[PDB]
Every structure is written in structure tokens, then in C-alpha cells.
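Worksheet for the structure shown next.
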Amino acid sequence: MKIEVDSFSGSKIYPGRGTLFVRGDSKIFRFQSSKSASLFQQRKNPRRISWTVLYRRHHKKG
Amino acid sequence: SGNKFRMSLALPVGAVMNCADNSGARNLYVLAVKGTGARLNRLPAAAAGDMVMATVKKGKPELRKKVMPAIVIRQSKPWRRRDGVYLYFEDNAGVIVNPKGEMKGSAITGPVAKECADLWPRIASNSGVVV
Amino acid sequence: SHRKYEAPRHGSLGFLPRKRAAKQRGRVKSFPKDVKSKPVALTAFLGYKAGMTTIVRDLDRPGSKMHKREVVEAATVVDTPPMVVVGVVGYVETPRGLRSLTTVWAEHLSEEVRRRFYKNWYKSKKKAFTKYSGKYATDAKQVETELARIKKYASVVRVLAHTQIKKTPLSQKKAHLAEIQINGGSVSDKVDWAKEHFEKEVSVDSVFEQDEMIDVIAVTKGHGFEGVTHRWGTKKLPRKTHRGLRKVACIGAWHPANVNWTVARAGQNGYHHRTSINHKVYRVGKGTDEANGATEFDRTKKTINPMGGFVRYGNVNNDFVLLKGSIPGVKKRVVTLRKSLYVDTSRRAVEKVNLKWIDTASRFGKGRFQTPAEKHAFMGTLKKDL
RNA sequence: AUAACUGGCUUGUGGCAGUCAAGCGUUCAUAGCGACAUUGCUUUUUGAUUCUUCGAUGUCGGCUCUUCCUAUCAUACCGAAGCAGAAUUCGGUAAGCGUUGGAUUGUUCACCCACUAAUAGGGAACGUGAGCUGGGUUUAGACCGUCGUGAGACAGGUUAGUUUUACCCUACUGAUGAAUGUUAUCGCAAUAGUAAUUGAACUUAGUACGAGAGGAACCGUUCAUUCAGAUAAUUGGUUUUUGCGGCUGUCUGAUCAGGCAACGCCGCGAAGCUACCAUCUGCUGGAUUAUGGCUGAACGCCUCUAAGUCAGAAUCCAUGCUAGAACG
RNA sequence: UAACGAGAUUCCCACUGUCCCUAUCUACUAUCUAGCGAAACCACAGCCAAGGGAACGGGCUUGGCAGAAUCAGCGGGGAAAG
RNA sequence: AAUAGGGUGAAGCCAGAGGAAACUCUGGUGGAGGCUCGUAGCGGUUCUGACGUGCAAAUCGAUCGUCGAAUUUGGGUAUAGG
Ligand SMILES: O[C@H](c1cc(C(F)(F)F)nc2c(C(F)(F)F)cccc12)[C@@H]1CCCCN1
């Protein structure tokens, strides 16, 4: 077993957790839960979502 | 010639999927599924990797108005793999084949499910990205 | 006239009546048949359903498309502290069936098992087994006489054992007392084994090994009074039907001028006694081990408990049995684990299980960490951390 | 006293099954058929009658659901062939188990498309309307065609047309419960029910068989269909956690914090419940039917049968599973 | 025959629990309690199988059987009621 | 005696452009109609919804037709059983 990374929020994905999304252009997205999955289909920007890893590295926090 | 595990059915009879090969069809309307037994009131339904009897609702006139076999290559209904992974594609798509499983077209646009590529070698040959 | 079209019947006629179980403790209807040449051993064990978890495992099934490849599987954790042996019963073969001949008890019974015999323990003088405890006065020949009677006349010997429910997080203080048949050896051998185990603890590792297929006896989840649509899975009537649609439309022909026992009717759903067979033991954990959830590939020193404890159970601090799949009952239910009644040589039954990884993320939500240390490493310092 | 339903007698007619054996079948009555005749059965057709009901038994069809019959479409085991193989046809024990999704029609019936192991036929007041629906028929409105001087007729077409009551008894499904000295714990098991089902791929094997064309099967392996019993790891659904956030209108002088919008609306949303929309599990012994045999007379031979006896079906009885007799 | 139509009918796009195939949630009932308190209906009543019988019995004949008092549901029967 | 608020934009009128003329074109203005969307009102399509010993011997809910005239309505008055 290997640990994947959530494409939206960057949280750890353990075996069986979350979903795999294959976009029409053959790109693969991994979501740890339906929370980040819903924000992704709602087109939210993880750089503008305050709890994601992308937001925190962009704002240089921790 | 293969034994794929059960998958969540995505395409009941009457469903219209995308046609992902260059055969000239743009729609594929499911009217039957190969291997569907008997159950009162239950619609036959197909998953990725299933052979289907379909018509071309939209496409070239010589492809239209005929019954032809087709194989579902991707589905938008999420399904669980035996390794625990739930995955889904952006759309439902299929390709026109023979009764033997040999494609009519020569290329496939978009990804192809690994269940279908593992089960139909010709579609694997004509397929690009296989997920 | 005949049905216009055929359909299978809704539900099974072999599980009638769909009534509540007479007792909450599932009872072993049948024990494994005794073979004299085998050693003397217990044939069943009582445990408590803690919760469900997830594992990762490499499949060893040649010819499968998942052979030598990782599979993710649901597993059940059963909290099983050792049971205490307190008695022994002899059964006699009669032309009317088995008959209990005599019951011999141990001298000392713990308070948790003596509460079993009371409805209002706090209001009692707690007199249970006091004269019997006096029966052991300085020669115990009454006890020896009863044991000799069992050796002389009994054909089936069963031990009486109770769980140590004080080692579980349950607020219940009553122990669960059950008869567990002894198999192996002669009748005299069985009686000697029971006597030498009076007031002794027996662990799970002396009854079940890993990779065994075992049965689970339990009372299922109760749902109360239920309509036919969900009780029996009948077809819902059309939307425009007067007086409602979650019904069976025709409950009988004109003749027999009675309602048949085979027609689906509303009634009590769930809380039934079920015996479910062929559950594989992936792990017989040890309570003293601080790495219960650790495997040979995941060396994280880690117990079987998820983060925050099992939801609506607590922590499993005892020995446990990890079963494949789901077993009947709810959380905290007492479950009877029985050895298999037949010899299964299929590859699924004889496969040797080696676990890759055991899930210990929180079951109280979309848990994403396996350990508080991992959580701290991922998130860094928080405000509450000074 | 008398028609239009059901039911009853009857069985012409409908349906099904025999006996004879002129012929067909390269030869050859009887592998499969079978004229001219003739004997029956059935009540799933339609007649005949008018025995019951006119101080009313709700009269089509469909939906839903249970069960039964066997005159067996499939599945188990077998006998026969004008059975080389594959396929097919005839037949036996067999109703244990299944028998479908749709276009058109109110339809029963029909007819196509398609899947399937198969898409068998019937009964239960032509099952089933205080179960539904109301498309049809068969009240009253209206149009047409033919008929009538007319009012009007049509078993012709068309459109719109209120489908009432259970709280009683019984029966079914569940739930308590007096008394069998009291109370508590653990049990036994009479009896009743019962459950699993079918397919595909790989191997055998391009093998047996066959000139070739074609082309199997047993043991085994992995999966799947229909069904059943659970379960909530995971994923999905659900949201009065009105839990957190957001938004509009208005009100509390502003802010903070709030009220109302007959849960104001929106995103996420734990827990609980739940989905072949998720996962798990679904046992092995004996006795037999058809059939094929052993020994063996009758009948100095022969003979599976007469006495005795062997194997043997999805059958039966157990094992197992559910209930536990509230007067075991 | 343009326009108009709560008129009848066929097809197409959008849409959806109409359906595959069901699941979950809210308020009011139902439920239990205090108070209040009707009606339809009623020969006598109320367990089955076969027989015969006004040719489909709750009662008769022959069998199966049969154990107080009951609660919620239910719509097979009372050829239920009107 | 009664009938929110919008849409459309008829005659008539003003100005400009083109043309030999007969005439044509454009922008405003104006406010017609048994016109139109839609309240009160009047009606009663569908759910063949609720209820169907009802709240009611015709009601309740949503949905719907129409809503400036052949409109709705009070009072007075006339017509009386072949
Ligand atoms: O002819 C009238 C009538 C008949 C019928 C019918 F034939 F359909 F059953 N239905 C009627 C209806 C009905 F309810 F719409 F059916 C109403 C009024 C009179 C009807 C009779 C006259 C005697 C009293 C009862 N109604």
C-alpha cells in the first residue's frame, strides 16, 4: 500500500479512502473526501480555500 | 474470454452514451446488454467492459437505423475496484465492435477503463491512456 | 388464472417467524461433532462486537486476476477478554433426546458472574451460592460424587464459562454465562479438564488460531415494527394509488378463504437470531501487545483502536479476534464464536493470511490520520500547543 | 317462473392421448411418422340448459402478490435414432428450481425488436376493485355515417364523463400474558418451516470423432446471473446536529449580537438510517425413482426379478438453519 | 384557413424518483395517557379439509384438531355494509 | 356600486430625407382594442389530491380559465306549473 495525495486539499489518502476522478483530457484527480470533491466540482480555487495545503504554502504559513 | 469482477451498472436500457472512436457515430443508444438474465421489471444495464447492442442515434446515415454490438469503455457511475479504489470518469462512452469484439474504428479518444482494456485486447490495441 | 409473468418469491420461508429472539445472547444450536482421537479443547467462545475496520492484504489465489495484488477488505474487531470456567454439566443420551444429569459448580464465583442470577442486585442480601460454597467443607465428597456420576453416565460434557465484562468498556456489570461443549478425549478426560480449569481463565489463543473459518452466533440489529416494503422487499405500488403505496396489493385469492402464512405482512423487523458461517480469522490479537495494529510491513507501534476510540464502544484493551467481513449483531452485542462444523479444503479456507496494513483512522468522521504523531507531523504547531 | 357473470350436469365443438396398420421413410409398416376406421380423457374454448342469485355476489384488462396442477420450455440423471463428432429429434423419473426488457393496441389474443439456460401451458368465484387504476364496455352532454316522415336505432366510429365504509368476528403478521410452591440461571427438542440457483471464461483441446468440413466432454480453476440472510469498514444518498459558513428583504438608533420570511434560501456537513449505488456469508451424509447391472430360478437354455442384491436424479429423509409446545 | 383553445392526438429538445429501485428527513395523525365520547351494523354466532346439499357451509356427516384474558396492524373470508 | 401594476402600440399630429410627378422612406408624438401578462373579483381545468358516518347534503389545498367588458354585483320590479 502507498499513500496518495489529495489533488485539491493535499491531505493524505489511505487505501480505500476518497475517490478517483478521471477528467476528459485523461488527467487523474484524487480527493480524500466528498468535501474537497464537492468544492472541486464547484470549481473552487484551492489557493483561495483557507485550509488547503496550496493556500498555506502560497501564504507562507507554518 | 475473461472474468472481470462485478461493477456498479451505469447504463440501463435506453441510455445514450458517447461514441469515442472515429467510426463516424456520435451517439450510442443502449437497447440491450449481453448476458442479462431474467428478472421481472428489471432493466438490463451495462457497466464498463460490457458488450451492448446499440443503435447510432446521431451520426452518418449508413451507420444510423441499424442494430450493432458495442462495448462500453468508460462510465461516470463510480465503482469500486477490488483494491478498494472508487473511481469514475467524466462521461459514459462506448465503441462499435463486431460480435467478436473487433473494433470498427481505428482509434479511441479519451481514457479507457482498465476493466475494458483487460477484457478486450483489440480495444487495448486501439486505446491510448488506460486507467 | 395464472400469474401473467413469473418472479421469485420475496424473502425466505426458512427464517420464519420473523419475531424477536427469546434471549439477547445467541445460543449455540449445535456444537461440532465430537471426535475422541483429538485433544480436549473448547469448541466456542463469547465475545463483544467492538466495530469494523479496514485492512490491506496481498491475495494468494492462483488463477485470479487479483493474485499477488493488494486488496482492501472490511474487517470486524471482536473484543474477547478471557472467559472464566466456573462449572461443568453432564448430558445423558435418552430415547427422548439429551438430558442434563447433574451440574457441578466451582467453589468461588466472581461478583460479575453472581450478578447474573439477580434482577435487583443492589437490593439483595447476595446469598447466591453460599450454601453451595459451604458444600466444599474439608472433604468435598458431594462434589466428587457428582463428578463421578458425570464420568459414569454422561455422553456429552459441557463446561460453564462466563465472560469478564469488567475488562470491557461496557457499563453492564453482569457477566454472560454460557455452556460450551468440550470436544476431544474420553468423557473422563473431559471431566478432568473441566475440573482442572475450574475458576481458571481460558484465552482466545487456546480456542482459535489464525486463518480458521469460524461461525458467529448473534442477535441482529432491531428495527421494530416494519412495513412489507422494507421487511420483505416487495415492489412499491404506483404513485397514484389510493390509501398508500408501501403495501402488498393482493394478500390472497378467494380460496383458501384465509390469509396464507406465505404472504408478506407488516411486523417486527430485525433483532433475529442468526448463525453466519465461514468468517476467516485475519488476526488473533493480544491485549498485552502495544503494537496490535502494527504489521510486518507497517511497523508503526499502533494498537487496533482507531483515533478517538471505537464509535459508541470505546477502546479494545483486551485480546481480540479480527474477522473478515461482517457478522450479525450491533456494537456491544455479545457474540458467540463457534468453530466450524465441517472440514473446508477450498483455497479460500486454506489460504494463509498475512496482513499488509490495518486502518486506525477515526471512525467518527472522514479521519485522515493514523496516529496523533502523524497528525502533529502533518499540521505542525497549533495554538493550543502553548 | 326469465336473459346478460361465477358455479353445477353434459362435452357436440375446442384441446390432449391411445388401439389396428394401407402407405411414407435409398431397402424397411411401427428411428420418426401414419390414411381409412375406432376407444378414450380434460373442463385451460365455445355451445346446450336455466338448477342457485334480480329487498344487487361490484360485470374487461393491466399493476401487485401468494400458492397449486403437469399435459416439462430450461436445469439434474438416463433410455432410443435413418445417434461418427457438433447440433437435433423421440422418450422416462421428475413441478426441486427458474421462465425476461421493450415498440403498437384499453385489450385477453396478436405481431415484431432484443437478451437469455428457457423465454412452457394452465387453475385458485374466467384468483385478486372496503388492494389500486379506470384506458374499454354500459347512464345522462356532443359529432359523424347508414337507417326512420319523426321521436329515435346501430351488438358502427369518436370525444368528456363522482370508483363510498372496517373501529366488529375470524384468518394472517407481529406483541404481552393468569395459573400450573416462589424466584433466578442454564438447557433438551416433539412438532412446524426451510434455500439456494443458473451461466460464462480458462484448462482438458483444436484433443476424442471425422476423408474433410467441422468439433465435444469428465476432474479442476476463476468469476458472474437470479434468489436469501446480514452488515456500515469504505464510497454514495439523506440533514432539525437548524453544527459551521455565506446571501437577500425587513426589524432591534449604529456596531456587536440577534428576531422574522407558515423550517427564508445556498455550500459543506459528523452521527443515525440506508443501496447489487456498498461490503460479507449461503453445509455434507444416508435412502431412493427412471435407468444400467450381479447372482438366479420359473422354463435342464436364457433372463436385472420371482427370493436376494449393486450403483444411481436438481428427488426424499436427515446434518445444518428459524421458532420453541405460552396445558412437553 | 392566419390568429385563438384548461378541446383530441403523434413526434423532438430541455427536464426530472414516472421507472430501474429504492433510501432518508420534517410537521400533523395514528400510538399511550387525563377529560369527553358517537355511528354503520347485529337470526344465533364466529378454526379448517372433503362429502352431500337450493349443484361454492360457521352450523349437518366424516376427519384434522382444540387451553384463559388480550394489544397494534391488516384487508383473504363473513357470496361484509350501503 | 366595483374593477393593482405592466406589455403591445391603431387613427390623428409634428419634423426630416428621396422624387419630375404620381408618391415613397425615416424619427418622434399619440394612446385605440368584445388586444395581451397578471392582482382583487367572477369561474371551476387537472390532480380523476384531501375528505368521503366530512369543516361542508358539494367543502378544503395546489394547479388553472378570465380579469375594462356580450364584465361583476346590491336593492326595486316583472314573468307562476302543461
Ligand atoms: O341512471 C342513474 C345513474 C346511473 C349510473 C350508472 F349507470 F352508471 F350506474 N350512474 C349514475 C351516477 C354516477 F354516479 F355518476 F354513476 C350519477 C347519477 C345517476 C346515475 C340512476 C337512476 C336511479 C338512481 C341511481 N342513479
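Residue names in the C-alpha cells use chain letters A, B, ... in the order shown, residue numbers from 1 in each chain, and ligand numbers from 1 in the order shown.
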Requested in this report: Hey, list the chain B side of the contact with chain E: 12 Å cut-off, only C-alpha atoms (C1' of nucleotides), answer as a PyMOL selection string.
Outcome: chain B and resi 9-15+39-45
Query raised in the report: Excluding same-chain residues fewer than 3 positions from segment 37-49 of chain A, what lies within 12 Å of it counting only C-alpha atoms (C1' of nucleotides), as JSON, numbers by chain?
Result: {"A": [6, 7, 8, 9, 10, 18, 19, 20, 21, 23, 29, 30, 31, 32, 33, 34, 52, 53, 54, 55, 56, 57, 58, 59, 60], "B": [90], "D": [267, 268, 269]}
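With only C-alpha atoms (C1' of nucleotides) and all ligand atoms counted, the chains near ligand 1 contribute these residues within 12 Å: residues 58, 59, 137, 138, 139, 140, 161, 162, 163 and 164 of chain D.
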Restricted to N, CA, C and O atoms (P, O5', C5', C4', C3', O3' and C1' of nucleotides), what would the selected residues look like written as a PDB file, in the first residue's frame?
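Saved file selection30.pdb follows:
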```pdb
ATOM      1  P     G D  58     -70.797  -8.014  -3.448  1.00  0.00           P
ATOM      2  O5'   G D  58     -70.656  -7.191  -4.793  1.00  0.00           O
ATOM      3  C5'   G D  58     -69.711  -7.574  -5.774  1.00  0.00           C
ATOM      4  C4'   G D  58     -69.930  -6.816  -7.054  1.00  0.00           C
ATOM      5  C3'   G D  58     -68.889  -7.023  -8.133  1.00  0.00           C
ATOM      6  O3'   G D  58     -69.131  -8.209  -8.867  1.00  0.00           O
ATOM      7  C1'   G D  58     -69.308  -4.719  -7.877  1.00  0.00           C
ATOM      8  P     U D  59     -67.917  -9.091  -9.429  1.00  0.00           P
ATOM      9  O5'   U D  59     -68.223  -9.165 -10.981  1.00  0.00           O
ATOM     10  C5'   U D  59     -67.766  -8.138 -11.834  1.00  0.00           C
ATOM     11  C4'   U D  59     -68.290  -8.310 -13.228  1.00  0.00           C
ATOM     12  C3'   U D  59     -67.414  -7.755 -14.333  1.00  0.00           C
ATOM     13  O3'   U D  59     -66.346  -8.623 -14.678  1.00  0.00           O
ATOM     14  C1'   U D  59     -69.657  -7.071 -14.656  1.00  0.00           C
ATOM     15  P     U D 137     -65.828   2.099 -25.452  1.00  0.00           P
ATOM     16  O5'   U D 137     -66.915   1.084 -24.888  1.00  0.00           O
ATOM     17  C5'   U D 137     -66.949  -0.253 -25.359  1.00  0.00           C
ATOM     18  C4'   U D 137     -67.654  -1.179 -24.401  1.00  0.00           C
ATOM     19  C3'   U D 137     -68.998  -0.720 -23.866  1.00  0.00           C
ATOM     20  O3'   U D 137     -70.080  -0.924 -24.754  1.00  0.00           O
ATOM     21  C1'   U D 137     -67.679  -1.516 -22.085  1.00  0.00           C
ATOM     22  P     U D 138     -71.096   0.282 -25.049  1.00  0.00           P
ATOM     23  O5'   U D 138     -72.114   0.255 -23.825  1.00  0.00           O
ATOM     24  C5'   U D 138     -72.937   1.387 -23.561  1.00  0.00           C
ATOM     25  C4'   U D 138     -73.086   1.654 -22.082  1.00  0.00           C
ATOM     26  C3'   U D 138     -71.817   2.127 -21.375  1.00  0.00           C
ATOM     27  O3'   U D 138     -72.148   2.994 -20.296  1.00  0.00           O
ATOM     28  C1'   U D 138     -72.580   0.126 -20.389  1.00  0.00           C
ATOM     29  P     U D 139     -72.289   4.576 -20.516  1.00  0.00           P
ATOM     30  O5'   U D 139     -73.645   4.895 -19.764  1.00  0.00           O
ATOM     31  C5'   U D 139     -74.827   4.189 -20.087  1.00  0.00           C
ATOM     32  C4'   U D 139     -76.041   4.901 -19.563  1.00  0.00           C
ATOM     33  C3'   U D 139     -76.179   6.362 -19.944  1.00  0.00           C
ATOM     34  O3'   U D 139     -76.722   6.546 -21.236  1.00  0.00           O
ATOM     35  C1'   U D 139     -76.490   6.140 -17.626  1.00  0.00           C
ATOM     36  P     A D 140     -76.195   7.733 -22.177  1.00  0.00           P
ATOM     37  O5'   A D 140     -76.765   9.048 -21.506  1.00  0.00           O
ATOM     38  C5'   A D 140     -78.156   9.258 -21.353  1.00  0.00           C
ATOM     39  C4'   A D 140     -78.410  10.350 -20.355  1.00  0.00           C
ATOM     40  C3'   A D 140     -77.826  11.697 -20.732  1.00  0.00           C
ATOM     41  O3'   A D 140     -78.632  12.413 -21.644  1.00  0.00           O
ATOM     42  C1'   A D 140     -77.226  11.197 -18.521  1.00  0.00           C
ATOM     43  P     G D 161     -62.800  13.043 -18.602  1.00  0.00           P
ATOM     44  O5'   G D 161     -63.920  13.387 -17.524  1.00  0.00           O
ATOM     45  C5'   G D 161     -64.484  12.380 -16.699  1.00  0.00           C
ATOM     46  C4'   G D 161     -65.983  12.507 -16.629  1.00  0.00           C
ATOM     47  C3'   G D 161     -66.712  11.384 -15.907  1.00  0.00           C
ATOM     48  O3'   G D 161     -66.752  11.557 -14.500  1.00  0.00           O
ATOM     49  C1'   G D 161     -67.704  11.715 -18.011  1.00  0.00           C
ATOM     50  P     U D 162     -66.496  10.301 -13.534  1.00  0.00           P
ATOM     51  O5'   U D 162     -66.868  10.823 -12.075  1.00  0.00           O
ATOM     52  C5'   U D 162     -65.963  11.654 -11.358  1.00  0.00           C
ATOM     53  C4'   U D 162     -66.141  11.558  -9.858  1.00  0.00           C
ATOM     54  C3'   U D 162     -66.257  10.145  -9.276  1.00  0.00           C
ATOM     55  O3'   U D 162     -65.637  10.140  -7.993  1.00  0.00           O
ATOM     56  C1'   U D 162     -68.081  11.422  -8.578  1.00  0.00           C
ATOM     57  P     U D 163     -64.225   9.425  -7.744  1.00  0.00           P
ATOM     58  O5'   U D 163     -64.576   7.876  -7.694  1.00  0.00           O
ATOM     59  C5'   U D 163     -65.671   7.410  -6.916  1.00  0.00           C
ATOM     60  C4'   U D 163     -65.596   5.926  -6.653  1.00  0.00           C
ATOM     61  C3'   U D 163     -64.232   5.406  -6.205  1.00  0.00           C
ATOM     62  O3'   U D 163     -64.425   4.380  -5.240  1.00  0.00           O
ATOM     63  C1'   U D 163     -64.940   4.214  -8.096  1.00  0.00           C
ATOM     64  P     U D 164     -63.703   4.483  -3.817  1.00  0.00           P
ATOM     65  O5'   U D 164     -64.862   4.924  -2.827  1.00  0.00           O
ATOM     66  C5'   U D 164     -65.129   6.288  -2.548  1.00  0.00           C
ATOM     67  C4'   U D 164     -66.120   6.400  -1.422  1.00  0.00           C
ATOM     68  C3'   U D 164     -65.788   5.560  -0.201  1.00  0.00           C
ATOM     69  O3'   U D 164     -64.864   6.179   0.672  1.00  0.00           O
ATOM     70  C1'   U D 164     -68.028   5.188  -0.813  1.00  0.00           C
TER      71        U D 164
END
```
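In the backbone-derived DSSP annotation, strand (DSSP E or B) within segment 235-273 of chain C comprises residues 267, 268, 269, 270 and 273 of chain C.
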Against chain B, which residues of chain C fall within 6 Å? For each one I want the closest pair of atoms and the distance in Å (one decimal), counting only C-alpha atoms, rows by chain and increasing residue number, as CSV.
```
residue,atom,partner,partner_atom,distance
C:7,CA,B:40,CA,5.9
C:70,CA,B:83,CA,5.9
C:71,CA,B:83,CA,4.2
C:72,CA,B:84,CA,4.8
```
Suppose we keep N, CA, C and O atoms; can you now write the selection as a PDB file, in the first residue's frame?
```pdb
ATOM      1  N   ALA C   7     -42.002 -14.434 -11.225  1.00  0.00           N
ATOM      2  CA  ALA C   7     -40.986 -13.752 -10.437  1.00  0.00           C
ATOM      3  C   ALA C   7     -40.682 -14.612  -9.230  1.00  0.00           C
ATOM      4  O   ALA C   7     -41.555 -15.358  -8.779  1.00  0.00           O
ATOM      5  N   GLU C  70      -2.708  -6.326  -4.060  1.00  0.00           N
ATOM      6  CA  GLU C  70      -3.317  -5.868  -2.819  1.00  0.00           C
ATOM      7  C   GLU C  70      -4.821  -5.702  -2.957  1.00  0.00           C
ATOM      8  O   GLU C  70      -5.316  -5.163  -3.949  1.00  0.00           O
ATOM      9  N   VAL C  71      -5.546  -6.175  -1.950  1.00  0.00           N
ATOM     10  CA  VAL C  71      -6.986  -5.999  -1.858  1.00  0.00           C
ATOM     11  C   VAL C  71      -7.295  -5.274  -0.558  1.00  0.00           C
ATOM     12  O   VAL C  71      -6.613  -5.454   0.452  1.00  0.00           O
ATOM     13  N   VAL C  72      -8.336  -4.450  -0.592  1.00  0.00           N
ATOM     14  CA  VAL C  72      -8.803  -3.690   0.562  1.00  0.00           C
ATOM     15  C   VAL C  72     -10.095  -4.324   1.038  1.00  0.00           C
ATOM     16  O   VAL C  72     -11.047  -4.470   0.264  1.00  0.00           O
TER      17      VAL C  72
END
```
Where does chain A meet chain D within 7 Å, residue by residue, with the nearest atom pair and distance in Å to one decimal for each, counting only C-alpha atoms (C1' of nucleotides), listed by chain and rising number, as CSV?
```
residue,atom,partner,partner_atom,distance
A:16,CA,D:234,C1',5.7
A:17,CA,D:234,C1',6.4
A:35,CA,D:268,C1',6.4
```
May I have the residues within 12 Å of residue 8 of chain E as a PDB file with N, CA and C atoms (P, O5', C5', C4', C3', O3' and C1' of nucleotides), in the first residue's frame, using only C-alpha atoms (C1' of nucleotides) and disregarding those fewer than 4 positions away in the same chain?
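Writing the result to around_27.pdb gives the following:
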```
ATOM      1  P     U D 158     -63.419   4.444 -31.929  1.00  0.00           P
ATOM      2  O5'   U D 158     -63.623   6.011 -31.761  1.00  0.00           O
ATOM      3  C5'   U D 158     -62.917   6.927 -32.580  1.00  0.00           C
ATOM      4  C4'   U D 158     -63.372   8.348 -32.366  1.00  0.00           C
ATOM      5  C3'   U D 158     -63.364   8.842 -30.932  1.00  0.00           C
ATOM      6  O3'   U D 158     -62.076   9.198 -30.474  1.00  0.00           O
ATOM      7  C1'   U D 158     -65.374   9.480 -31.963  1.00  0.00           C
ATOM      8  P     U D 159     -61.644   8.848 -28.973  1.00  0.00           P
ATOM      9  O5'   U D 159     -62.114  10.105 -28.128  1.00  0.00           O
ATOM     10  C5'   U D 159     -61.517  11.370 -28.346  1.00  0.00           C
ATOM     11  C4'   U D 159     -62.360  12.482 -27.788  1.00  0.00           C
ATOM     12  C3'   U D 159     -62.701  12.389 -26.316  1.00  0.00           C
ATOM     13  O3'   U D 159     -61.634  12.762 -25.466  1.00  0.00           O
ATOM     14  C1'   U D 159     -64.643  12.910 -27.516  1.00  0.00           C
ATOM     15  P     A D 160     -61.459  12.031 -24.051  1.00  0.00           P
ATOM     16  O5'   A D 160     -62.506  12.768 -23.112  1.00  0.00           O
ATOM     17  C5'   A D 160     -62.442  14.170 -22.916  1.00  0.00           C
ATOM     18  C4'   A D 160     -63.591  14.662 -22.075  1.00  0.00           C
ATOM     19  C3'   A D 160     -63.900  13.863 -20.824  1.00  0.00           C
ATOM     20  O3'   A D 160     -63.029  14.140 -19.747  1.00  0.00           O
ATOM     21  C1'   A D 160     -65.895  14.288 -21.972  1.00  0.00           C
TER      22        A D 160
END
```
Query raised in the report: So what do you get for atom CA of residue 281 of chain C versus atom CA of residue 315 of chain C, distance-wise?
Result: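 Atom-to-atom, atom CA of residue 281 of chain C to atom CA of residue 315 of chain C, that is 20.2 Å.
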Requested in this report: Please identify all polymer residues within 7 Å of segment 200-210 of chain C, counting only C-alpha atoms (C1' of nucleotides), omitting same-chain residues fewer than 4 positions from it, and present them as JSON, numbers by chain.
Outcome: {"C": [42, 43, 82, 83, 84, 85, 281, 282, 283, 284]}
Selection to disk with N, CA, C and O atoms, as an mmCIF file, in the first residue's frame:
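Once written, part30.cif looks like this:
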```
data_model
loop_
_atom_site.group_PDB
_atom_site.id
_atom_site.type_symbol
_atom_site.label_atom_id
_atom_site.label_comp_id
_atom_site.auth_asym_id
_atom_site.auth_seq_id
_atom_site.Cartn_x
_atom_site.Cartn_y
_atom_site.Cartn_z
ATOM 1 N N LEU C 42 -11.945 -26.554 23.945
ATOM 2 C CA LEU C 42 -13.230 -25.884 23.847
ATOM 3 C C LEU C 42 -13.637 -25.737 22.386
ATOM 4 O O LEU C 42 -12.802 -25.732 21.481
ATOM 5 N N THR C 43 -14.942 -25.612 22.162
ATOM 6 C CA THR C 43 -15.484 -25.517 20.817
ATOM 7 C C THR C 43 -16.154 -24.187 20.510
ATOM 8 O O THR C 43 -16.655 -24.014 19.397
ATOM 9 N N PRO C 82 -10.395 -13.056 28.247
ATOM 10 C CA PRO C 82 -10.544 -14.479 28.573
ATOM 11 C C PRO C 82 -11.787 -14.763 29.403
ATOM 12 O O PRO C 82 -12.185 -13.970 30.255
ATOM 13 N N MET C 83 -12.391 -15.918 29.152
ATOM 14 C CA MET C 83 -13.553 -16.362 29.901
ATOM 15 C C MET C 83 -13.110 -17.194 31.092
ATOM 16 O O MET C 83 -12.052 -17.823 31.073
ATOM 17 N N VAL C 84 -13.936 -17.198 32.133
ATOM 18 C CA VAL C 84 -13.644 -17.907 33.371
ATOM 19 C C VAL C 84 -14.540 -19.132 33.441
ATOM 20 O O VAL C 84 -15.757 -19.027 33.265
ATOM 21 N N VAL C 85 -13.940 -20.281 33.717
ATOM 22 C CA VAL C 85 -14.649 -21.551 33.843
ATOM 23 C C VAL C 85 -15.126 -21.725 35.275
ATOM 24 O O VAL C 85 -14.336 -21.613 36.216
ATOM 25 N N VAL C 281 -10.433 -15.762 10.194
ATOM 26 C CA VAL C 281 -9.741 -15.038 11.254
ATOM 27 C C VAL C 281 -8.467 -14.459 10.654
ATOM 28 O O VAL C 281 -7.510 -15.187 10.386
ATOM 29 N N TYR C 282 -8.448 -13.146 10.445
ATOM 30 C CA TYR C 282 -7.239 -12.492 9.965
ATOM 31 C C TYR C 282 -6.232 -12.222 11.071
ATOM 32 O O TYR C 282 -5.034 -12.124 10.792
ATOM 33 N N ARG C 283 -6.680 -12.100 12.316
ATOM 34 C CA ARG C 283 -5.772 -11.763 13.404
ATOM 35 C C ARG C 283 -6.395 -12.184 14.721
ATOM 36 O O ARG C 283 -7.562 -11.888 14.979
ATOM 37 N N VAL C 284 -5.612 -12.873 15.543
ATOM 38 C CA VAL C 284 -5.935 -13.066 16.950
ATOM 39 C C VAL C 284 -4.986 -12.192 17.752
ATOM 40 O O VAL C 284 -3.874 -12.610 18.090
#
```
